[PDB]
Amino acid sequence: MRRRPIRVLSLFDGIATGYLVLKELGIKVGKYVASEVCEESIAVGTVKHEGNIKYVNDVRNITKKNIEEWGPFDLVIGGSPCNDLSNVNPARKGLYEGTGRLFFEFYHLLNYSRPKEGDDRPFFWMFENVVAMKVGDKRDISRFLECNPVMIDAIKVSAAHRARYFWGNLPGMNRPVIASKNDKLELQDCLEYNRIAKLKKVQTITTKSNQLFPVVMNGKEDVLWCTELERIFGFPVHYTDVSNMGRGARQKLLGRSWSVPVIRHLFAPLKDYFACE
């Protein structure tokens, strides 16, 4: 009956959206074990958080003993890759091969991390994936996770279309999303100086690049800048200005990452369960 720092296991972490959201909420993070294989994503999470994250490489090398020693965990979050479950891929391999089957590596480790019987300590978890997926794969994921997802579209709090399914047991996952006035809801709010927006909401941004020239500067079509993309996804400006990354790598990282106001919405009820400031 006492507040202690939160202990997080983040699978397929990426640019550490979870740690950034938890810290912005003022929650003391005692342990943030992140499993990630992308090198520049680890560089981002290392520099932008000064090595508070414990990186543990591939998720299929995480053993049961790994969970028990690294644990106990309070919050287990994860987001399996999307390019093999989405309709944006003609070569989509479904949920059972390609990079889609990595979802089960979450389900596996999730049962490894759940508290033992006779132990009802607080334990929360969340799994995210794209809404654009074959309904058989959606209900299969619901079957393995033993729950149905809530659907949150970042358009309600961000400046882009980002509809995603969220399975989990976080407190108040069904409550209606209400954007704060710091949230930049329309594209004009995220542009640098002397740039006018064509749309008020930009279509969904994937890992790759009409609606691909959504900015007019000095009367000509121009693409979005990396800093503008960071503001669209809600990340701090220059969150990805790490390790000589250019337009190509940064848009990839921000394209397969979470929208931070959505994660702030989902994680905000967790302040009332762990140590705060």
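Note that residue numbering follows the sequence shown and begins at 1. Heads up, when I say rigid core I mean the largest set of C-alphas that superpose within 1.5 Å between the two forms.
- After superposing on the rigid core, the larger RMS C-alpha deviation in 5 other deposited structures of this protein belongs to 218 to 226, the other candidate being whichever of 34 to 42 and 218 to 226 remains.
- Gap between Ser209 and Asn210: 4 to 9 deposited residues without coordinates.
- In this crystal structure, the stretch out of 84 to 92 and 181 to 189 whose C-alpha atoms carry the higher mean B factor is 84 to 92.
- Relative to its counterpart among 74 to 82 and 117 to 125, 117 to 125 has the higher mean temperature factor, C-alpha atoms as listed in the PDB entry.
- Taking the PDB entry at face value, the top CA B factor among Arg101, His108, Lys156, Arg164 belongs to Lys156.
- As recorded in the entry, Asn218 carries the highest CA temperature factor of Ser35, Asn218, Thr63, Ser243.
- The entry lists a Cα temperature factor for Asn57 that places it in the highest third of the chain's modelled residues.
- Ranked by Cα temperature factor within the chain, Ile232 sits in the middle third according to the deposited record.
- In this PDB entry, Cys226 carries a Cα temperature factor that places it within the middle third of its chain's modelled residues.
- Placement of the Cα temperature factor of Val150 within the chain: middle third of the modelled residues, per the deposited record.
- Per-chain ranking of the deposited C-alpha B factor places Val131 in the highest third.
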